[PDB]
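**Q** Dropping the structure in here first, questions after.
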Amino acid sequence: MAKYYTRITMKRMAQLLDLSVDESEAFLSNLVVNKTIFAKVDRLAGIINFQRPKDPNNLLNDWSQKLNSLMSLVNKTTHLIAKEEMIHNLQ
Amino acid sequence: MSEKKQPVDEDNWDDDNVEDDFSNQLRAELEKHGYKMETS
Amino acid sequence: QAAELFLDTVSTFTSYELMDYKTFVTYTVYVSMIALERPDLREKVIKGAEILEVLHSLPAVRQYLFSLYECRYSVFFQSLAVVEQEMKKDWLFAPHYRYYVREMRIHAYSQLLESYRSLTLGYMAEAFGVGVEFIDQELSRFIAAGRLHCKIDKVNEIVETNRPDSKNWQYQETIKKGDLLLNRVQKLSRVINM
Amino acid sequence: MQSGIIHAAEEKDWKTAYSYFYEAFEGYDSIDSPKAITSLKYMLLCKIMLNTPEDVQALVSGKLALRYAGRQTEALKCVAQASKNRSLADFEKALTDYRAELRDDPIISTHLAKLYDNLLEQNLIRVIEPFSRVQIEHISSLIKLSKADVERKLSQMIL
């Protein structure tokens with residue numbers, strides 16, 4: 001169920017879970033007995049917010065994006081010289 | 001360096017602020033407040 | 001300071017100043033609850049071995065002491081009124097009779113409010129005296145004093161909650177100590193700087 | 001028996017209290033018939049309090065306790081069953097059924113308080129109900145359905 005979706009409907013998730021909506025709370029109690037985690041669902045809006053469970057500081061999100069975006073840029077530059085050399089090969 | 005110039009122009013405190021808040025009030029003395037609830 | 005120094009309930013002997021050990025206990029319960037936090041109140045007075053026999057003699061003292069811990073708001077408000085008459089009549093307790101009653105009312109209002117972020121004034125009336133207006137007027141005056149740490153609402157008739165010290169008032173707590181702390185250095189530097 | 005009452009009251013150890021109560025009942029047997037039932041009730045209460053409710057039925061079944069077996073023995077048996085079932089309603093039904101047994105011992109009232117705390121996990125699932133499906137209140141009307149006076153047990157816990 002996890003996934004990267006955000007506003008998928010909880011009633012639809014109950015239908016995807018193949019259990020009755022009326023008894024869904026008991027059926028989702030089975031999820032609680034599984035104790036897989038609490039990815040987060042807003043029943044008040046009838047939507048399963050299955051994107052992130054318990055939000056920590058997003059320190060890694062900037063760090064990983066910064067490390068990758070920079071690393072891709074050197075990788076682009078390192079490959080760039082070879083291609084520039086190839087045009088110079090015919091020039 | 002005394003300024004001067006402007007002469008021409010708990011034990012007895014701390015609770016003074018609290019006392020001032022209900023000095024006008026507390027006519028009920030709390031017991032009347034209970035009686036008012038009883039009438040309510 | 002008295003509630004801390006009345007810790008000698010075990011050995012008051014039969015001091016002449018005390019009319020009886022029973023009077024010393026009535027003062028110690030009255031004084032401690034105003035200045036004692038709920039963890040101390042259960043540990044020292046609610047679970048107090050010596051105090052329990054003495055409150056066995058006095059039904060009113062027992063109900064008043066027990067009601068705040070039991071969260072019996074309706075009984076304690078009536079009991080507090082009985083205490084007010086005794087406090088005014090008593091010598092050495094009459095000067096602060098007003099402070100004791102209002103401070104207790106502020107402590108009572110803080111206790112039920114701490115549990116619920118949203119409280120209908122009708123619910124507060126059920127817990128305490130029936131009239132909604134009388135709880136509302138005390139709520140507004142206490143809120144104005146900075147006591148009751150909450151924001152009242154009208155028409156919706158729901159009382160909300162105020163920010164925690166750890167959550168964001170930590171910044172305020174650093175600034176409040178800082179303003180006096182910084183102010184001192186500004187005056188001090190000038191004296192040597194000349 | 002008095003060693004049992006003081007040891008039981010401390011609540012630090014109930015196992016020793018049971019041993020004293022049984023020694024008191026054993027002495028009370030024959031020589032003091034009225035006194036023995038009171039010790040018998042206490043030793044049974046100790047088993048419910050020690051979190052081993054199953055043994056309560058076995059002790060009443062034993063020949064030594066058969067002579068004094070009666071309605072008083074039944075009340076302790078149902079209370080032990082309620083704690084094993086971990087149901088507050090079952091404990092409440094037992095309390096309602098035998099008023100006479102309820103008057104002597106208030107330690108069972110402390111067990112009901114542990115039982116409301118036992119249902120805290122159900123409140124965690126009811127609180128988890130928004131994570132699942134929030135219904136009615138999820139803090140008061142929803143928890144175990146039942147009375148709306150359930151609120152205040154939570155408020156006492158919140159403080």
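By convention here, the chains of the structure tokens are called A, B, ... in the order presented, each chain's residues are numbered starting at 1, and ligands are numbered starting at 1 in the order presented.
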Give me the residues near residue 121 of chain D as a list in words, where near means some atom within 12 Å (using only C-alpha atoms) and where sequence neighbours in that chain fewer than 3 positions away do not count.

**A**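 The residues satisfying every condition are residues 32 and 33 of chain A; 86, 115, 116, 117, 118, 124, 125, 126, 127, 128, 129, 143 and 144 of chain D.
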
**Q** Return as an MDAnalysis selection string the full set of residues in chain B whose backbone-based DSSP assignment is alpha helix (DSSP H).

**A** chainID B and resid 15:23 31:39

**Q** Give me, please, the distance in Å between atom CA of residue 155 of chain D and atom CA of residue 116 of chain C, quoted to one decimal.

**A**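 The value is 7.7 Å.
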
**Q** Considering only C-alpha atoms, return as a list in words whatever protein or nucleic-acid residues lie within 12 Å of segment 11-26 of chain B, sequence-local ones (same chain, fewer than 2 positions apart) excluded.

**A** residues 28, 29, 30, 31, 32 and 33 of chain B; 84, 95, 96, 97, 98, 99, 100, 101, 102, 103, 137, 138, 141, 142, 144, 145, 146 and 147 of chain C

**Q** Would you write out those residues with N, CA and C atoms, as a compact mmCIF listing (two decimals), in the first residue's frame?

**A**
```
# COMPACT_ATOMS: atom_id res chain seq x y z
N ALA B 28 -18.98 40.29 46.73
CA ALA B 28 -19.66 39.01 47.00
C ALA B 28 -18.94 38.27 48.12
N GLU B 29 -17.61 38.38 48.18
CA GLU B 29 -16.80 37.66 49.20
C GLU B 29 -16.84 36.17 48.89
N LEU B 30 -17.06 35.81 47.62
CA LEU B 30 -17.06 34.39 47.17
C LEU B 30 -18.35 33.67 47.61
N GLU B 31 -18.78 33.82 48.87
CA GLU B 31 -19.96 33.06 49.35
C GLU B 31 -21.19 33.47 48.53
N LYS B 32 -21.32 34.77 48.25
CA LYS B 32 -22.45 35.26 47.42
C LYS B 32 -22.34 34.66 46.01
N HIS B 33 -21.11 34.51 45.51
CA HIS B 33 -20.92 33.93 44.15
C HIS B 33 -21.53 32.53 44.16
N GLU C 84 -13.09 29.93 52.90
CA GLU C 84 -12.95 31.41 52.90
C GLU C 84 -13.46 31.96 54.23
N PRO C 95 -5.34 38.38 56.58
CA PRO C 95 -4.77 39.39 55.68
C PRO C 95 -4.70 38.92 54.23
N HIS C 96 -4.41 37.64 54.01
CA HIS C 96 -4.25 37.11 52.63
C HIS C 96 -5.46 36.28 52.22
N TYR C 97 -6.62 36.51 52.84
CA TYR C 97 -7.79 35.65 52.53
C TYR C 97 -8.10 35.77 51.04
N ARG C 98 -8.08 37.00 50.51
CA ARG C 98 -8.45 37.20 49.08
C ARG C 98 -7.42 36.51 48.19
N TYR C 99 -6.13 36.66 48.51
CA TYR C 99 -5.07 36.08 47.64
C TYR C 99 -5.24 34.56 47.62
N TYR C 100 -5.52 33.97 48.78
CA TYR C 100 -5.61 32.49 48.86
C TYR C 100 -6.76 32.01 47.96
N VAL C 101 -7.93 32.64 48.08
CA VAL C 101 -9.09 32.11 47.31
C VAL C 101 -8.85 32.27 45.81
N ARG C 102 -8.40 33.45 45.37
CA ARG C 102 -8.25 33.67 43.91
C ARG C 102 -7.11 32.79 43.37
N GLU C 103 -6.02 32.65 44.12
CA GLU C 103 -4.88 31.83 43.66
C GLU C 103 -5.36 30.39 43.52
N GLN C 137 -16.71 35.19 33.30
CA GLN C 137 -16.13 36.46 33.80
C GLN C 137 -14.81 36.17 34.52
N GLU C 138 -14.77 35.11 35.34
CA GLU C 138 -13.51 34.74 36.04
C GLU C 138 -12.49 34.37 34.97
N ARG C 141 -11.04 37.59 33.43
CA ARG C 141 -10.18 38.36 34.36
C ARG C 141 -8.86 37.62 34.59
N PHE C 142 -8.94 36.31 34.80
CA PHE C 142 -7.71 35.51 35.03
C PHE C 142 -6.86 35.52 33.76
N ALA C 144 -6.75 37.81 31.58
CA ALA C 144 -6.17 39.17 31.49
C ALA C 144 -4.95 39.26 32.39
N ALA C 145 -5.01 38.62 33.56
CA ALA C 145 -3.89 38.69 34.53
C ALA C 145 -2.68 37.95 33.96
N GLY C 146 -2.87 37.16 32.91
CA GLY C 146 -1.77 36.33 32.37
C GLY C 146 -1.87 34.96 33.01
N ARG C 147 -2.77 34.82 33.98
CA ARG C 147 -3.03 33.50 34.59
C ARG C 147 -3.96 32.74 33.64
```

**Q** Counting only C-alpha atoms, which residues from chain A have an atom at most 7 Å from any atom of chain D, and could you show them as a PyMOL selection string?

**A** chain A and resi 25+28+38+40-44

**Q** Go ahead and save the picked residues with N, CA and C atoms, as an mmCIF file, in the first residue's frame.

**A**
```
data_model
loop_
_atom_site.group_PDB
_atom_site.id
_atom_site.type_symbol
_atom_site.label_atom_id
_atom_site.label_comp_id
_atom_site.auth_asym_id
_atom_site.auth_seq_id
_atom_site.Cartn_x
_atom_site.Cartn_y
_atom_site.Cartn_z
ATOM 1 N N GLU A 25 -12.788 -0.315 9.807
ATOM 2 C CA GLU A 25 -11.982 0.073 10.990
ATOM 3 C C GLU A 25 -11.459 -1.212 11.633
ATOM 4 N N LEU A 28 -8.909 -2.594 9.251
ATOM 5 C CA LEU A 28 -7.645 -1.824 9.390
ATOM 6 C C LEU A 28 -7.051 -2.080 10.775
ATOM 7 N N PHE A 38 2.669 3.494 10.504
ATOM 8 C CA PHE A 38 1.502 4.397 10.334
ATOM 9 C C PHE A 38 1.850 5.387 9.213
ATOM 10 N N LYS A 40 0.068 7.009 7.445
ATOM 11 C CA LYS A 40 -0.829 8.185 7.638
ATOM 12 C C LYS A 40 -2.013 8.118 6.675
ATOM 13 N N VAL A 41 -3.247 8.098 7.195
ATOM 14 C CA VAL A 41 -4.446 8.201 6.313
ATOM 15 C C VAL A 41 -5.395 9.203 6.966
ATOM 16 N N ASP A 42 -5.942 10.144 6.204
ATOM 17 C CA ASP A 42 -6.933 11.079 6.794
ATOM 18 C C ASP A 42 -8.336 10.547 6.515
ATOM 19 N N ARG A 43 -8.925 9.850 7.482
ATOM 20 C CA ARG A 43 -10.314 9.353 7.315
ATOM 21 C C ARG A 43 -11.299 10.527 7.261
ATOM 22 N N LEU A 44 -11.004 11.638 7.939
ATOM 23 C CA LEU A 44 -12.000 12.742 7.962
ATOM 24 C C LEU A 44 -12.260 13.163 6.512
#
```

**Q** Kindly give the distance, in Å, that separates atom CA of residue 68 of chain C and atom CA of residue 25 of chain C, rounded to a single decimal.

**A**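 Result for atom CA of residue 68 of chain C versus atom CA of residue 25 of chain C: 17.1 Å, one decimal.
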
**Q** What gap, in Å, lies between atom CA of residue 87 of chain C and atom CA of residue 65 of chain C?

**A**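 Distance between the two atoms: 15.3 Å.
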
**Q** Residues within 9 Å of residue 39 of chain D, please, as JSON, numbers by chain. Count only C-alpha atoms; anything in the same chain fewer than 4 positions from it doesn't count.

**A** {"D": [1, 21, 22, 23, 24, 25, 28, 35, 43, 44]}

**Q** Have a look at A:3, A:48, A:67, A:35 and name the one nearest to residue 15 of chain A; count only C-alpha atoms.

**A**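 Nearest candidate to residue 15 of chain A out of A:3, A:48, A:67, A:35: A:48.
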
**Q** Just want the 10 Å neighbourhood of residue 39 of chain A, counted on only C-alpha atoms, with same-chain residues fewer than 6 positions away dropped. Output as a ChimeraX atom specification.

**A** /A:1-3,48-54 /D:131

**Q** Pull N, CA, C and O atoms from the residues just selected and write them as a CSV table (one decimal), in the first residue's frame.

**A**
```csv
chain,number,residue,atom,x,y,z
A,1,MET,N,0.9,-1.2,0.0
A,1,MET,CA,0.0,0.0,0.0
A,1,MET,C,0.9,1.2,0.0
A,1,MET,O,0.5,2.2,-0.7
A,2,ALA,N,2.0,1.2,0.7
A,2,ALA,CA,2.9,2.4,0.9
A,2,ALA,C,2.8,3.4,-0.3
A,2,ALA,O,2.0,4.3,-0.3
A,3,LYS,N,3.7,3.2,-1.4
A,3,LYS,CA,3.6,4.0,-2.6
A,3,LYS,C,4.0,5.5,-2.4
A,3,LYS,O,4.4,5.8,-1.2
A,48,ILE,N,-6.4,8.1,1.9
A,48,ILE,CA,-5.2,7.5,2.6
A,48,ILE,C,-4.0,8.4,2.2
A,48,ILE,O,-3.6,8.4,1.0
A,49,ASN,N,-3.4,9.1,3.1
A,49,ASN,CA,-2.2,10.0,2.8
A,49,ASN,C,-1.0,9.1,2.9
A,49,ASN,O,-0.1,9.4,3.7
A,50,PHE,N,-0.9,8.1,2.1
A,50,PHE,CA,0.2,7.1,2.2
A,50,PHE,C,1.5,7.7,1.5
A,50,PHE,O,1.9,7.1,0.5
A,51,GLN,N,2.1,8.7,2.0
A,51,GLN,CA,3.3,9.2,1.5
A,51,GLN,C,4.5,9.2,2.5
A,51,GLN,O,5.5,8.5,2.3
A,52,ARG,N,4.3,9.8,3.7
A,52,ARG,CA,5.3,9.8,4.7
A,52,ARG,C,4.7,9.6,6.1
A,52,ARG,O,3.7,10.2,6.5
A,53,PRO,N,5.3,8.7,6.9
A,53,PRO,CA,4.9,8.5,8.3
A,53,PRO,C,5.8,9.1,9.3
A,53,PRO,O,7.0,8.8,9.4
A,54,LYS,N,5.3,10.1,10.2
A,54,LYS,CA,6.1,10.8,11.2
A,54,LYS,C,7.2,11.6,10.5
A,54,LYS,O,8.2,11.1,10.0
D,131,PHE,N,-5.7,7.5,12.1
D,131,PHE,CA,-4.7,6.9,11.1
D,131,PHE,C,-5.4,5.8,10.4
D,131,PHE,O,-5.2,5.6,9.2
```

**Q** Could you give me, as a PDB file with N, CA and C atoms, in the first residue's frame, the residues within 9 Å of residue 156 of chain D, counting only C-alpha atoms and dropping anything in the same chain fewer than 5 positions from it?

**A**
```
ATOM      1  N   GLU C  70      -8.532  14.667  43.316  1.00  0.00           N
ATOM      2  CA  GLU C  70      -9.541  13.776  42.677  1.00  0.00           C
ATOM      3  C   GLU C  70     -10.127  14.477  41.449  1.00  0.00           C
ATOM      4  N   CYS C  71      -9.805  15.759  41.262  1.00  0.00           N
ATOM      5  CA  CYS C  71     -10.367  16.552  40.138  1.00  0.00           C
ATOM      6  C   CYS C  71     -11.878  16.669  40.328  1.00  0.00           C
ATOM      7  N   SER C 115      -5.623  19.523  30.503  1.00  0.00           N
ATOM      8  CA  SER C 115      -5.973  18.271  29.777  1.00  0.00           C
ATOM      9  C   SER C 115      -6.549  18.508  28.376  1.00  0.00           C
TER      10      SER C 115
ATOM     11  N   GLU D 151     -14.699   9.897  29.522  1.00  0.00           N
ATOM     12  CA  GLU D 151     -13.840  11.102  29.609  1.00  0.00           C
ATOM     13  C   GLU D 151     -13.683  11.441  31.085  1.00  0.00           C
TER      14      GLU D 151
END
```

**Q** Once you count only C-alpha atoms, which residues of chain D turn out to be within 12 Å of chain C? Could you give them as number ranges by chain?

**A** D: 139, 151-159

**Q** DSSP on the backbone: what in chain A comes out strand (DSSP E), as a count of residues only?

**A** 4
